[PDB]
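Structure file input-v3.cif with mmCIF, C-alpha atoms and all ligand atoms:
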data_entry
loop_
_atom_site.label_atom_id
_atom_site.label_comp_id
_atom_site.auth_asym_id
_atom_site.auth_seq_id
_atom_site.Cartn_x
_atom_site.Cartn_y
_atom_site.Cartn_z
CA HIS A 20 118.40 100.32 114.40
CA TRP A 21 117.05 102.18 111.38
CA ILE A 22 117.00 105.95 111.28
CA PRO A 23 114.33 107.31 108.90
CA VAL A 24 115.50 110.64 107.56
CA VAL A 25 113.42 113.02 105.44
CA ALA A 26 114.89 115.72 103.24
CA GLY A 27 113.81 118.08 100.51
CA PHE A 28 114.55 119.43 97.07
CA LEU A 29 114.19 123.21 96.87
CA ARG A 30 114.65 125.04 93.62
CA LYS A 31 115.63 128.40 92.13
CA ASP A 32 115.58 128.77 88.34
CA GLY A 33 116.86 125.20 87.89
CA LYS A 34 119.37 125.61 90.75
CA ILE A 35 119.01 123.52 93.90
CA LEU A 36 119.60 124.26 97.58
CA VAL A 37 122.18 122.45 99.71
CA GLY A 38 123.66 123.13 103.16
CA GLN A 39 127.20 122.72 104.51
CA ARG A 40 127.08 120.31 107.46
CA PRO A 41 128.45 122.17 110.51
CA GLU A 42 131.76 121.33 112.17
CA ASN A 43 130.49 120.05 115.57
CA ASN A 44 127.79 117.53 114.54
CA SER A 45 129.73 115.60 111.96
CA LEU A 46 129.72 114.50 108.57
CA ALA A 47 131.39 117.88 108.76
CA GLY A 48 131.75 120.17 105.73
CA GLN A 49 129.53 117.93 103.58
CA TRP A 50 126.82 119.34 101.41
CA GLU A 51 123.35 117.91 101.85
CA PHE A 52 119.73 118.60 101.24
CA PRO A 53 117.99 120.17 104.31
CA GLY A 54 115.97 117.74 106.45
CA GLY A 55 116.46 115.33 109.33
CA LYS A 56 115.25 112.53 111.61
CA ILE A 57 111.50 111.76 111.80
CA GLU A 58 110.35 112.01 115.42
CA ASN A 59 108.15 109.50 117.26
CA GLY A 60 104.53 110.16 116.26
CA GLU A 61 104.99 112.30 113.11
CA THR A 62 104.45 111.55 109.42
CA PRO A 63 107.27 111.98 106.86
CA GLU A 64 105.65 115.18 105.59
CA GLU A 65 105.17 116.62 109.10
CA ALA A 66 108.86 115.92 109.82
CA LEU A 67 110.18 117.58 106.71
CA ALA A 68 107.87 120.57 107.19
CA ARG A 69 109.33 120.91 110.71
CA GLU A 70 112.93 120.23 109.80
CA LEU A 71 112.71 122.79 107.03
CA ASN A 72 111.29 125.36 109.46
CA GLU A 73 113.86 124.84 112.16
CA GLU A 74 116.79 124.62 109.67
CA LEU A 75 115.86 127.24 107.06
CA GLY A 76 113.29 129.38 108.88
CA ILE A 77 110.90 128.70 106.00
CA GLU A 78 107.33 127.50 106.25
CA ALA A 79 107.20 124.86 103.59
CA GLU A 80 104.54 122.83 101.78
CA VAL A 81 105.77 119.28 101.25
CA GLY A 82 105.34 118.01 97.71
CA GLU A 83 105.72 114.70 95.92
CA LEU A 84 107.88 111.88 97.25
CA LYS A 85 110.65 111.33 94.71
CA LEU A 86 113.20 108.95 96.16
CA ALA A 87 114.15 106.51 98.88
CA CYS A 88 117.40 104.81 99.64
CA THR A 89 119.35 103.06 102.39
CA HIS A 90 122.96 103.52 103.52
CA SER A 91 125.26 102.18 106.24
CA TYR A 92 127.54 104.65 108.03
CA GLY A 93 128.97 101.70 109.98
CA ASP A 94 126.43 100.19 112.39
CA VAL A 95 124.14 103.20 111.81
CA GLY A 96 121.40 102.35 109.28
CA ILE A 97 119.63 105.33 107.68
CA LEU A 98 116.65 105.44 105.28
CA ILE A 99 116.29 108.74 103.42
CA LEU A 100 113.10 109.86 101.73
CA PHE A 101 113.41 112.77 99.35
CA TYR A 102 110.54 115.13 98.74
CA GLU A 103 109.99 117.77 96.14
CA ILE A 104 109.41 121.14 97.80
CA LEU A 105 107.65 123.45 95.40
CA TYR A 106 106.10 125.87 97.86
CA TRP A 107 107.11 127.91 100.93
CA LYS A 108 106.86 131.25 102.77
CA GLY A 109 110.00 133.34 103.38
CA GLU A 110 113.62 132.99 102.26
CA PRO A 111 115.89 130.31 103.79
CA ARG A 112 118.77 131.25 106.09
CA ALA A 113 121.56 129.26 107.74
CA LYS A 114 120.01 128.44 111.11
CA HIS A 115 122.05 125.21 111.39
CA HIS A 116 124.47 124.87 108.45
CA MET A 117 127.78 126.74 107.98
CA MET A 118 126.64 127.95 104.60
CA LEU A 119 123.58 127.68 102.43
CA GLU A 120 124.03 127.68 98.69
CA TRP A 121 121.90 127.50 95.58
CA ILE A 122 124.02 125.47 93.19
CA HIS A 123 123.68 124.20 89.69
CA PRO A 124 122.76 120.54 90.16
CA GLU A 125 125.62 119.56 87.82
CA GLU A 126 128.00 120.84 90.50
CA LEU A 127 127.00 118.07 92.92
CA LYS A 128 129.24 115.81 90.79
CA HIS A 129 132.25 117.61 92.31
CA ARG A 130 131.00 118.65 95.73
CA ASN A 131 131.76 116.74 98.91
CA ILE A 132 128.42 115.10 99.72
CA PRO A 133 127.19 112.15 101.91
CA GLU A 134 128.11 108.80 100.32
CA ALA A 135 124.36 107.99 100.65
CA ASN A 136 123.69 110.68 98.05
CA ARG A 137 126.87 110.05 96.06
CA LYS A 138 125.72 106.46 95.47
CA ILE A 139 122.36 107.54 94.04
CA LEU A 140 123.42 110.76 92.33
CA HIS A 141 121.93 109.43 89.08
CA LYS A 142 118.60 108.61 90.70
CA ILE A 143 118.68 112.11 92.19
CA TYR A 144 119.35 113.81 88.85
CA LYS A 145 116.35 111.96 87.41
CA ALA A 146 114.03 112.97 90.25
CA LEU A 147 115.07 116.57 89.54
CA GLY A 148 114.08 116.39 85.84
CA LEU A 149 117.61 115.89 84.45
CA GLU A 150 119.63 112.98 82.94
CA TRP A 151 122.73 111.33 84.50
CA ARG A 152 124.87 110.97 81.35
CA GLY B 19 111.53 105.60 119.60
CA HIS B 20 112.48 102.76 117.19
CA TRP B 21 111.73 101.97 113.54
CA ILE B 22 110.96 99.07 111.21
CA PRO B 23 111.18 99.90 107.48
CA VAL B 24 108.73 97.85 105.43
CA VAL B 25 108.48 97.56 101.64
CA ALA B 26 105.25 96.56 99.93
CA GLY B 27 104.10 96.29 96.37
CA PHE B 28 101.11 97.07 94.21
CA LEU B 29 100.51 94.30 91.66
CA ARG B 30 97.59 94.65 89.30
CA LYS B 31 95.44 92.43 87.09
CA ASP B 32 92.89 93.93 84.70
CA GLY B 33 92.29 96.80 87.16
CA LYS B 34 92.18 94.53 90.23
CA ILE B 35 94.90 94.49 92.89
CA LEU B 36 96.58 91.72 94.84
CA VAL B 37 96.28 91.33 98.60
CA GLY B 38 97.22 88.59 101.05
CA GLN B 39 95.38 87.45 104.18
CA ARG B 40 97.88 87.59 107.06
CA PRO B 41 98.40 84.05 108.51
CA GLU B 42 96.69 83.01 111.75
CA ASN B 43 99.80 82.58 113.98
CA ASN B 44 102.24 85.22 112.68
CA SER B 45 99.82 87.98 113.46
CA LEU B 46 97.96 90.99 112.66
CA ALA B 47 95.93 87.93 111.77
CA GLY B 48 93.02 87.87 109.31
CA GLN B 49 94.01 91.24 107.83
CA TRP B 50 94.51 91.89 104.13
CA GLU B 51 97.66 93.65 103.03
CA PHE B 52 99.98 94.25 100.12
CA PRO B 53 102.73 91.63 99.90
CA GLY B 54 106.15 92.62 101.19
CA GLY B 55 108.02 92.89 104.45
CA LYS B 56 110.98 94.14 106.46
CA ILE B 57 114.18 95.44 104.84
CA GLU B 58 117.30 93.51 105.94
CA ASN B 59 120.83 94.85 106.60
CA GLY B 60 122.70 95.98 103.50
CA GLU B 61 119.75 95.84 101.10
CA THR B 62 118.05 98.63 99.17
CA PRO B 63 114.25 98.97 99.38
CA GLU B 64 114.02 97.52 95.86
CA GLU B 65 116.26 94.56 96.75
CA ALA B 66 114.08 93.86 99.80
CA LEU B 67 110.83 94.10 97.84
CA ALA B 68 112.11 91.85 95.03
CA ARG B 69 113.13 89.32 97.69
CA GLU B 70 109.93 89.54 99.73
CA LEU B 71 107.84 89.06 96.61
CA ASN B 72 109.91 85.97 95.79
CA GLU B 73 109.72 84.38 99.19
CA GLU B 74 106.00 85.27 99.57
CA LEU B 75 104.60 84.98 96.03
CA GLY B 76 107.10 82.67 94.31
CA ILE B 77 107.58 85.38 91.67
CA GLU B 78 110.66 86.99 90.18
CA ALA B 79 109.49 90.58 90.13
CA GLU B 80 110.91 93.84 88.78
CA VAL B 81 110.32 96.69 91.29
CA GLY B 82 109.02 99.86 89.67
CA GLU B 83 108.18 103.39 90.73
CA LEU B 84 107.91 104.44 94.40
CA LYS B 85 104.37 105.57 95.14
CA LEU B 86 103.88 106.13 98.88
CA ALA B 87 105.61 106.40 102.23
CA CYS B 88 103.88 106.46 105.55
CA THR B 89 104.40 105.88 109.26
CA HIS B 90 102.29 104.02 111.81
CA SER B 91 102.94 103.07 115.40
CA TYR B 92 101.26 99.87 116.59
CA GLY B 93 101.77 101.00 120.20
CA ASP B 94 105.52 100.66 120.75
CA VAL B 95 106.70 99.16 117.45
CA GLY B 96 107.26 101.99 114.91
CA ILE B 97 106.67 101.17 111.22
CA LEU B 98 107.64 102.93 107.97
CA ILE B 99 106.06 101.46 104.82
CA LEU B 100 107.22 102.25 101.32
CA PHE B 101 104.85 101.31 98.52
CA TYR B 102 106.14 100.47 95.09
CA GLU B 103 104.31 99.85 91.87
CA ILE B 104 105.07 96.37 90.56
CA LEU B 105 104.41 96.29 86.82
CA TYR B 106 106.59 93.39 85.78
CA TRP B 107 107.18 89.83 86.99
CA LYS B 108 107.78 86.25 85.88
CA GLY B 109 105.18 83.64 86.82
CA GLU B 110 101.89 83.70 88.74
CA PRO B 111 101.76 84.39 92.50
CA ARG B 112 100.71 81.63 94.91
CA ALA B 113 100.14 81.70 98.67
CA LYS B 114 103.59 80.69 99.92
CA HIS B 115 103.16 82.63 103.19
CA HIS B 116 99.67 84.20 103.30
CA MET B 117 96.52 82.31 104.33
CA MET B 118 94.85 83.22 101.06
CA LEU B 119 95.53 85.44 98.04
CA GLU B 120 93.02 87.48 96.10
CA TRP B 121 92.78 89.95 93.25
CA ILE B 122 90.07 92.36 94.40
CA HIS B 123 88.57 95.51 93.01
CA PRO B 124 90.40 98.28 94.83
CA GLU B 125 87.00 99.67 95.93
CA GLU B 126 86.65 96.55 98.10
CA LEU B 127 89.48 97.82 100.30
CA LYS B 128 86.90 100.13 101.90
CA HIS B 129 85.20 97.11 103.48
CA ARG B 130 88.08 94.66 103.92
CA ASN B 131 89.80 94.30 107.28
CA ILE B 132 93.15 95.95 106.50
CA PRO B 133 96.08 97.27 108.65
CA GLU B 134 95.14 100.52 110.40
CA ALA B 135 98.34 101.88 108.82
CA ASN B 136 96.79 101.35 105.39
CA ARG B 137 93.30 102.39 106.41
CA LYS B 138 94.60 105.78 107.59
CA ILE B 139 96.01 106.48 104.13
CA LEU B 140 93.46 104.71 101.91
CA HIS B 141 92.92 108.09 100.17
CA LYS B 142 96.59 108.40 99.32
CA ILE B 143 96.62 104.79 98.15
CA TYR B 144 93.71 105.19 95.73
CA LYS B 145 95.57 108.09 94.14
CA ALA B 146 98.77 106.07 93.80
CA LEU B 147 96.76 103.34 92.03
CA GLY B 148 95.21 105.92 89.68
CA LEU B 149 91.67 106.02 91.08
CA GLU B 150 89.15 108.30 92.85
CA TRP B 151 88.00 109.03 96.45
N1 LIG A 201 119.59 116.26 106.00
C1 LIG A 201 120.20 115.39 105.21
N2 LIG A 201 120.73 114.26 105.78
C2 LIG A 201 121.37 113.36 105.01
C3 LIG A 201 121.50 113.52 103.64
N3 LIG A 201 122.18 112.44 103.18
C4 LIG A 201 122.48 111.61 104.20
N4 LIG A 201 121.97 112.17 105.35
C5 LIG A 201 122.05 111.66 106.74
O1 LIG A 201 120.82 111.67 107.45
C6 LIG A 201 121.10 111.75 108.85
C7 LIG A 201 120.10 112.60 109.65
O2 LIG A 201 120.06 113.93 109.21
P1 LIG A 201 120.29 115.13 110.25
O3 LIG A 201 120.20 116.43 109.51
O4 LIG A 201 121.61 114.96 110.95
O5 LIG A 201 119.12 115.02 111.35
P2 LIG A 201 118.52 116.36 112.05
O6 LIG A 201 117.37 115.93 112.94
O7 LIG A 201 118.12 117.31 110.95
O8 LIG A 201 119.71 117.06 112.89
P3 LIG A 201 120.54 116.33 114.09
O9 LIG A 201 119.89 115.00 114.47
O10 LIG A 201 120.53 117.27 115.29
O11 LIG A 201 121.99 116.09 113.67
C8 LIG A 201 122.52 112.26 109.00
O12 LIG A 201 123.32 111.22 109.53
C9 LIG A 201 122.90 112.59 107.57
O13 LIG A 201 124.24 112.30 107.30
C10 LIG A 201 120.95 114.66 103.05
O14 LIG A 201 121.02 114.88 101.84
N5 LIG A 201 120.31 115.59 103.85
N1 LIG A 202 103.49 93.48 104.09
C1 LIG A 202 102.73 94.47 104.52
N2 LIG A 202 102.89 94.90 105.80
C2 LIG A 202 102.13 95.90 106.30
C3 LIG A 202 101.18 96.53 105.52
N3 LIG A 202 100.60 97.48 106.30
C4 LIG A 202 101.17 97.47 107.54
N4 LIG A 202 102.12 96.48 107.55
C5 LIG A 202 103.03 96.09 108.66
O1 LIG A 202 104.37 95.95 108.24
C6 LIG A 202 105.04 95.01 109.08
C7 LIG A 202 106.09 94.11 108.41
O2 LIG A 202 105.55 93.36 107.36
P1 LIG A 202 105.74 91.77 107.30
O3 LIG A 202 105.26 91.31 105.96
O4 LIG A 202 105.01 91.12 108.44
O5 LIG A 202 107.31 91.44 107.44
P2 LIG A 202 107.93 90.18 106.62
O6 LIG A 202 109.43 90.31 106.61
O7 LIG A 202 107.35 90.19 105.23
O8 LIG A 202 107.47 88.83 107.41
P3 LIG A 202 107.64 88.61 109.02
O9 LIG A 202 109.13 88.54 109.32
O10 LIG A 202 106.97 87.30 109.47
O11 LIG A 202 107.01 89.75 109.82
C8 LIG A 202 103.99 94.19 109.79
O12 LIG A 202 104.13 94.40 111.18
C9 LIG A 202 102.68 94.73 109.24
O13 LIG A 202 101.78 94.93 110.30
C10 LIG A 202 101.01 96.10 104.19
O14 LIG A 202 100.17 96.61 103.45
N5 LIG A 202 101.79 95.07 103.70
MG MG A 203 117.48 118.89 112.29
MG MG A 204 119.22 118.36 109.39
MG MG A 205 115.88 116.93 114.16
MG MG A 206 108.07 88.28 104.49
MG MG A 207 105.36 89.74 104.48
MG MG A 208 110.72 89.06 105.38
#

What does the file become when written as structure tokens?
Ligand SMILES: Nc1nc2c(ncn2[C@@H]2O[C@H](COP(=O)(O)OP(=O)(O)OP(=O)(O)O)[C@@H](O)[C@H]2O)c(=O)[nH]1
Ligand SMILES: Nc1nc2c(ncn2[C@@H]2O[C@H](COP(=O)(O)OP(=O)(O)OP(=O)(O)O)[C@@H](O)[C@H]2O)c(=O)[nH]1
Ligand SMILES: [Mg+2]
Ligand SMILES: [Mg+2]
Ligand SMILES: [Mg+2]
Ligand SMILES: [Mg+2]
Ligand SMILES: [Mg+2]
Ligand SMILES: [Mg+2]
Amino acid sequence: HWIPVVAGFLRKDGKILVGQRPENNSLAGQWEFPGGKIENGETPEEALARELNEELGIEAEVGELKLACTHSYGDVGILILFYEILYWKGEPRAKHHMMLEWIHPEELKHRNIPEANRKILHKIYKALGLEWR
Amino acid sequence: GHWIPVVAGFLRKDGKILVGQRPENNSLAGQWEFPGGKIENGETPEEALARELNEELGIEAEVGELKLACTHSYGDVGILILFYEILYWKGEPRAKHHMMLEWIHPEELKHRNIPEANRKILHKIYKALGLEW
């Protein structure tokens, strides 16, 4: 079974927004981009819009699709789509994550993050308007 | 709920674009689509598209930029299509799988029998091809 996930890139003077995965639903303590599973019936955009609302409290406008990749966490097959999020109402707050943080993107290189992101960190940096090395 | 990730490519020839007529017995029969297919276990979208284009077109293709993602449910079976721009390949495509192959003016899509999943986003497609609507 494939699990299509959508997730977003939010931005603050070059910084980027990540959330600390909470301790009970686990890839615990790992830093990710906000987003989640697409529900039966919805489009990718609708799903991100919604996930961003329910996770950050923000009312977002979903921008360009930047990236897609696959990963296996065992038998569990996930497909992430990453979207640029230029525009929203309100400021985000930790409705789901342990912490929210605006970090320099460079810092991702030494932050505990999903192997699905770790494996494409270069592709990510590019999609953000930065070079890998 | 349940999902089938598909990868499909945009190949172009002096402005025209390449579609295949779905075979009569493996069916959404008679319908014109962009070549591609289902992603297998362990492969990246790119890997799957390179492979599909080989086994369907006979071409060794280089998979370029990701242009579109969309969802469609054909009743119970849930589909996620990623569309990639295919700029570079070795050889000329031949109908290894499809009933027929054709390079059409993209405008013609408006009056070709195409998957409802593509018809719903024809707007978004024209943009990804660099055209108007
Ligand atoms: N949100 C998010 N998920 C990621 C990322 N990288 C990999 N994933 C995986 O995508 C899957 C689905 O994301 P979730 O946030 O758990 O889905 P959700 O609907 O938002 O929340 P729950 O299903 O209740 O856990 C998880 O297994 C994540 O580990 C990422 O950068 N952001
Ligand atoms: N290839 C392709 N599939 C599309 C398109 N639009 C919707 N689809 C659906 O995507 C699904 C999978 O594509 P297929 O090409 O049939 O899968 P395949 O691996 O290439 O070949 P099969 O195993 O025989 O199905 C089908 O159910 C199509 O209905 C399109 O533009 N191109
Ligand atoms: Mg969620
Ligand atoms: Mg989430
Ligand atoms: Mg959810
Ligand atoms: Mg095929
Ligand atoms: Mg096919
Ligand atoms: Mg196939």

Point to revise | Interface list for chain B, partner chain A, 6 Å threshold, only C-alpha atoms, as a list in words | key: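 Filtering chain B at 6 Å from chain A with only C-alpha atoms gives residues 19, 21, 62 and 89 of chain B.
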
Review point. Residues at most 12 Å from residue B:127, counting only C-alpha atoms, excluding those fewer than 2 positions away in the same chain, as a PyMOL selection string?
Key: chain B and resi 34-37+49-52+120-125+129-134+136-141+143-144+151

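The residues sitting within 8 Å of ligand MG 207 (chain A), with only C-alpha atoms and all ligand atoms considered, come out as residues 53, 54, 55, 56, 70, 74 and 115 of chain B.
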
Write the residues you've just listed into a file as a compact mmCIF listing (two decimals), keeping the file's coordinate frame, and include C-alpha atoms for each of them.
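Saved result, part-v5.txt, follows:
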# COMPACT_ATOMS: atom_id res chain seq x y z
CA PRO B 53 102.73 91.63 99.90
CA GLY B 54 106.15 92.62 101.19
CA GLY B 55 108.02 92.89 104.45
CA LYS B 56 110.98 94.14 106.46
CA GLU B 70 109.93 89.54 99.73
CA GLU B 74 106.00 85.27 99.57
CA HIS B 115 103.16 82.63 103.19

Study note, to complete from the structure: The residue from A:47, A:68, A:147, A:75 with the smallest atom-to-atom distance to residue A:113, counting only C-alpha atoms, is A:75

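Across the model, the gap from atom CA of residue B:61 to atom CA of residue B:142 is 26.4 Å.
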
Point to revise | Separation of atom CA of residue A:129 from atom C10 of ligand LIG 201 (chain A) in Å | key: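 Between atom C10 of ligand LIG 201 (chain A) and atom CA of residue A:129 the gap is 15.9 Å.
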
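In this structure, atom CA of residue B:112 sits 25.0 Å away from atom CA of residue B:86.
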
Practice item. Check every protein, DNA and RNA residue against ligand MG 206 (chain A), keep those with an atom at most 12 Å away (counting only C-alpha atoms and all ligand atoms), and present them as a VMD selection string. Key: chain B and resid 24 to 26 38 40 to 41 44 51 to 58 66 to 76 113 to 116

**Study point:** Neighbourhood of ligand MG 204 (chain A) at 12 Å, counting all atoms listed in the file, reported as a PyMOL selection string
**Key:** chain A and resi 24-27+37-41+44-46+49-57+66-75+99+113-116

Point to revise | Nearby residues (all atoms listed in the file) at most 7 Å from residue B:96, same-chain spacing under 6 positions excluded, as a PyMOL selection string | key: chain B and resi 20-22+90

Practice item. Can you work out which one of B:128, B:119, B:150, B:109 has the shortest atom-to-atom distance to residue B:39, counting all atoms listed in the file? Key: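 Once distances to residue B:39 are computed over all atoms listed in the file, the minimum belongs to B:119.
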
Please provide the set of residues having any atom within 9 Å of residue A:104, restricted to all atoms listed in the file, with same-chain residues fewer than 5 positions apart removed, written as an mmCIF file with C-alpha atoms, in the frame of the given file.
data_model
loop_
_atom_site.group_PDB
_atom_site.id
_atom_site.type_symbol
_atom_site.label_atom_id
_atom_site.label_comp_id
_atom_site.auth_asym_id
_atom_site.auth_seq_id
_atom_site.Cartn_x
_atom_site.Cartn_y
_atom_site.Cartn_z
ATOM 1 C CA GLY A 27 113.810 118.080 100.510
ATOM 2 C CA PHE A 28 114.550 119.430 97.070
ATOM 3 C CA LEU A 29 114.190 123.210 96.870
ATOM 4 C CA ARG A 30 114.650 125.040 93.620
ATOM 5 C CA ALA A 79 107.200 124.860 103.590
ATOM 6 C CA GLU A 80 104.540 122.830 101.780
ATOM 7 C CA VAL A 81 105.770 119.280 101.250
ATOM 8 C CA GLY A 82 105.340 118.010 97.710
ATOM 9 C CA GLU A 83 105.720 114.700 95.920
#

Check your understanding: For ligand MG 205 (chain A), which residue out of A:65, A:150, A:32, A:42 is the nearest one, using all atoms listed in the file?
Key ->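 Smallest distance to ligand MG 205 (chain A) is found for A:65.
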
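For the choices B:117, B:149, B:65, B:78, the atom-to-atom distance to ligand MG 208 (chain A) is smallest for B:65 when using all atoms listed in the file.
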
Exercise for review: Return the single residue from B:43, B:82, B:118, B:111 that is closest to ligand LIG 202 (chain A), with distances computed using all atoms listed in the file.
Suggested key: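 Among B:43, B:82, B:118, B:111, it is B:43 that comes nearest to ligand LIG 202 (chain A).
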